[PDB]
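>>> sequence and experimental coordinates follow.
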Amino acid sequence: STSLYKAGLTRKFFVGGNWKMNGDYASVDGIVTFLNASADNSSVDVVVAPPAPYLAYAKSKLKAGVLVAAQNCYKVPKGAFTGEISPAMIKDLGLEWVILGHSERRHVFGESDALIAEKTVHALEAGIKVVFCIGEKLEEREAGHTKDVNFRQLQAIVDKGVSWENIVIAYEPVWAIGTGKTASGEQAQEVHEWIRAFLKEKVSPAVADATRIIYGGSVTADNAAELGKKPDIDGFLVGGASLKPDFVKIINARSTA
Amino acid sequence: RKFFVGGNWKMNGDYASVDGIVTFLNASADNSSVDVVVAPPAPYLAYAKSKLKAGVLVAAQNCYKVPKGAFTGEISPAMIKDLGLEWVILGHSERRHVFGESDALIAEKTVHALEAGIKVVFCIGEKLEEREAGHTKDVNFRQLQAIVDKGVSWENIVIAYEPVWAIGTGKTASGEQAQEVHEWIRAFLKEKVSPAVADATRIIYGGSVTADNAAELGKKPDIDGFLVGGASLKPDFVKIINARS
């Protein structure tokens, strides 16, 4: 059940920017410009996810401090899957990150827990790191099933026997995505504590304290500092605000003072 | 109707293998009587566009129904155009049956893509069980009726008939089977749209097309080209492009 003890600050912070279906050469140029000019908050792993057609472009222009990730991928390296990309391609492009299980993939494009778990297992085997997304819908939280949803989504990869060194868990309540309805620091902290409790029992105390757990869902330059006060929130997954200069303010808010 | 040959690389490719394909394609001379389009995986679209001779156009393997928005993992016609491309494959069997894209979603994608000013290779095809049950005509017509219902125009649409049972199995449709379906498709277009559209719309065949059968399939008058998967990854793809030469 939902643990109570707060974690110590023993994990490297993480701030990811998911551009979603946004971007063209000109706008990507603009983003890369403010990202490169930003201070190199070495205390924070910074990752951005451009749409597939702009992955190589972004990597060629970004400073070493900003890593590039794919927004999704499939479960085999090569094959007859029109419209899909694989970890092999991600590696070929010189990238080492991928976002899997994003709310939009699960609820707009119907990706199942099983599929997402298979993708995760394969991506990890390939040597790429994964930002594993989980989260409940408003009706589910109101029915008191926040824990049940997150448990199932996480158990899906535990059952596949994945290792956790290269996994960053992103808790993103569906109701907070692009709605401005940000979870309160308290609400987020309690879910993150529960997630660590889950990891402690399902895996090990070591994994629980080493695994980064970031919050996503209407994170803005104005609430980042406030949310970052919670020891169990190791960073954020940013959507809309990752397309603007405010993304830098969010990174600065998370970095060591 | 000018011959149309498309190469769908599907989820295949890295810089090295893409370079190999670009090499044999660039080595070939252009054929005035054949339009050639290849569809690289999304991460290599720009790379392929910069490396390929002007005679070969690049197409995206899929896209969504809005120009921009919160749809992680999706690309749009706006991006396709920004990349300098003018083609997209929609409704491919793998999207419909492996990733569950509905007839309605595909029709909406098609409407949006055409509105954006890009051309569409609209894919349709029945499964083995549907053909055995006598619904080849029904299934293919239903998939087409979906865009007819949306009121799309057809000047920028190439129809790709690819029976599911013939994809990557080596179980190629015979020339007679394909010709029969393409004739039905034109009848559908002549009735639902117009005689002009029925005669102008290019209908290409896909499903285990190889250098061994392309020449023979190409002799059927209602087949206006091919959509090639596995065979598009090797040099003999050029023999398919020149199927009517």
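Thanks, I have the structure now. Numbers count the residues shown, from 1 in each chain, chains lettered A, B, ... in the order given.

>>> so stretch A:110-120, near chain B or not?
Yes - using C-beta under 8 Å from any C-beta of the partner chain, stretch A:110-120 reaches chain B at residue A:110. The C-beta positions use only the backbone N, C-alpha and C, and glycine is treated the same way.

>>> residue contacts, residue A:24?
Residue A:24 makes contacts with B:78-79, B:82, as judged by C-beta atoms under 8 Å, 6 or more residues apart in numbering or on different chains.

>>> same check, this time on residue A:34
By C-beta under 8 Å, 6+ apart, the neighbours of residue A:34 are A:245, A:247-248.

>>> try residue A:149
Residue A:149 neighbours (C-beta under 8 Å, 6+ apart): A:134-137, A:140.

>>> and with 7 Å instead?
Going by C-beta atoms under 7 Å, 6 or more residues apart in numbering or on different chains, residue A:149 touches A:136, A:140.

>>> does it sit in a helix, a strand or a coil?
Using DSSP: H, G, I helix; E, B strand; the rest coil, the structure places residue A:149 in helix.

>>> ok, it to chain B distance?
Going from residue A:149 to chain B by C-beta to the nearest C-beta, to the nearest Å gives 19 Å.

>>> so which of the contacts of residue A:34 is surrounded by the most neighbours?
Among the contacts of residue A:34, the one with the most neighbours (other C-beta atoms under 10 Å in any protein chain shown) is residue A:247, at 27 neighbours.

>>> contacting residues around that one?
A:17, A:238, A:241.

>>> also residue A:176?
Counting by C-beta under 7 Å, 6+ apart, the residues that residue A:176 touches are A:182-183, A:217-218.

>>> then residue A:226?
Applying C-beta under 7 Å, 6+ apart to residue A:226 gives the contacts residue A:185.

>>> can I have the helix or strand where it lies written out in PDB, keeping just the CAs?
Assessed by DSSP states H and E, residue A:226 sits inside helix A:224-227. Below are the C-alpha coordinates for helix A:224-227, written out as PDB (Å, rounded to 0.1, in the frame of the first residue of the first chain):
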ATOM      1  CA  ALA A 224       8.100  23.500 -11.100                       C
ATOM      2  CA  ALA A 225       9.900  24.900  -8.000                       C
ATOM      3  CA  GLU A 226       6.900  24.100  -5.800                       C
ATOM      4  CA  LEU A 227       6.700  20.500  -7.000                       C
END
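
>>> helices and strands around the longest helix seen in chain A, which ones?
Criterion DSSP state H: the longest helix present in chain A is helix A:185-202. With contacts taken as 3 or more C-beta pairs under 7 Å, 6 or more residues apart in numbering or on different chains; DSSP states H and E, helix A:185-202 sits against helix A:146-158, strand A:167-171, helix A:205-210, strand A:213-216, helix A:224-227.

>>> 6 Å instead, please
helix A:205-210, strand A:213-216 (3 or more C-beta pairs under 6 Å, 6 or more residues apart in numbering or on different chains; DSSP states H and E).

>>> chain B is nearest to which of the ones you listed?
Closest to chain B of those, according to C-beta to the nearest C-beta: strand A:213-216, at 11.2 Å.

>>> the closest one and chain B in contact?
No - applying C-beta under 6 Å from any C-beta of the partner chain, one finds strand A:213-216 separated from chain B by no less than 11.2 Å.

>>> what pairs with that strand, parallel or antiparallel?
Sheet partners assigned to strand A:213-216 using DSSP bridges are listed as strand A:167-171 (parallel), strand A:235-238 (parallel).

>>> I'd like the distance from the first one to the chain centre, please.
So that's strand A:167-171. Put simply, strand A:167-171 sits 5 Å off its chain's centre (C-alpha atoms, centre = their mean, to the nearest Å).

>>> try the last one
On the basis of C-alpha atoms, centre = their mean, the separation between the geometric centre of strand A:235-238 and that of its chain is 7 Å.

>>> following it, which helix or strand comes up?
helix A:246-254.

>>> just to revisit the earlier point, which one of the strands paired with strand A:213-216 is the most hemmed in?
strand A:235-238 (a mean of 29; mean count of other C-beta atoms under 10 Å in any protein chain shown).

>>> hmm, who's touching it?
A:13-17, A:170, A:214-216, A:219, A:250, A:254 (C-beta atoms under 6 Å, 6 or more residues apart in numbering or on different chains).

>>> for those, which PyMOL command selects only the ones that are buried?
A single PyMOL command selects the buried members of the contacts of strand A:235-238 (16 or more other C-beta atoms under 10 Å in any protein chain shown):
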select buried, chain A and resi 13+14+15+16+17+170+214+215+216+219+250+254
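
>>> and residue A:217, how many neighbours?
Residue A:217 has 25 nearby residues by other C-beta under 10 Å.

>>> so who does the residue of chain A positioned farthest from its centre touch?
Distance to the chain centre peaks in chain A at residue A:80, reaching 28.0 Å (criterion: C-alpha atoms, centre = their mean). Counting by C-beta under 6 Å, 6+ apart, residue A:80 makes contact with B:10, B:168.

>>> buried sites along the helix holding residue A:226?
For helix A:224-227, burial by neighbour count (16+ other C-beta under 10 Å) applies to A:224, A:227.

>>> tell me the bridge partners for residue A:134.
residue A:171.

>>> tell me, how many neighbours does it end up with?
A total of 25 residues lie near residue A:134 under the criterion other C-beta under 10 Å.

>>> surely it is in contact with residue A:153?
Yes - using C-beta atoms under 6 Å, residue A:134 is in contact with residue A:153, at 4.2 Å.

>>> nearest to chain A, of the contacts of residue A:24?
residue B:82 (4.1 Å).

>>> could you give me the buried positions within stretch A:186-203?
For stretch A:186-203, the neighbour count (16+ other C-beta under 10 Å) marks A:188-200, A:203 as buried.

>>> same question, stretch A:156-176
A:156-157, A:162, A:164, A:167-176.

>>> how about stretch A:32-46?
A:32, A:35, A:38, A:41, A:44-46.

>>> if I look at residue A:188, how far off is chain B?
Relative to chain B, and taking C-beta to the nearest C-beta, residue A:188 is found at 20 Å.

>>> I figured that residue hits residue A:215, correct?
Yes - assessed by C-beta under 6 Å, residue A:188 is found in contact with residue A:215 at 4.7 Å.

>>> got any residues that touch both of these two?
Joint contacts of residue A:188 and residue A:215 (C-beta under 6 Å, 6+ apart) are residue A:233.

>>> give the closest residue to residue A:249 in space, chain neighbours not counted.
residue A:221 (3.8 Å; C-beta to C-beta, 6 or more residues apart in numbering or on different chains).

>>> what's the residue of the stretch 151-257 of chain A at minimum distance from chain B in contact with, if anything?
Residue nearest to chain B within the stretch 151-257 of chain A: residue A:178 (5.1 Å; C-beta to the nearest C-beta). Taking C-beta under 6 Å, 6+ apart, we find residue A:178 in contact with residue B:70.

>>> checking it next. Helix, strand or coil?
coil.
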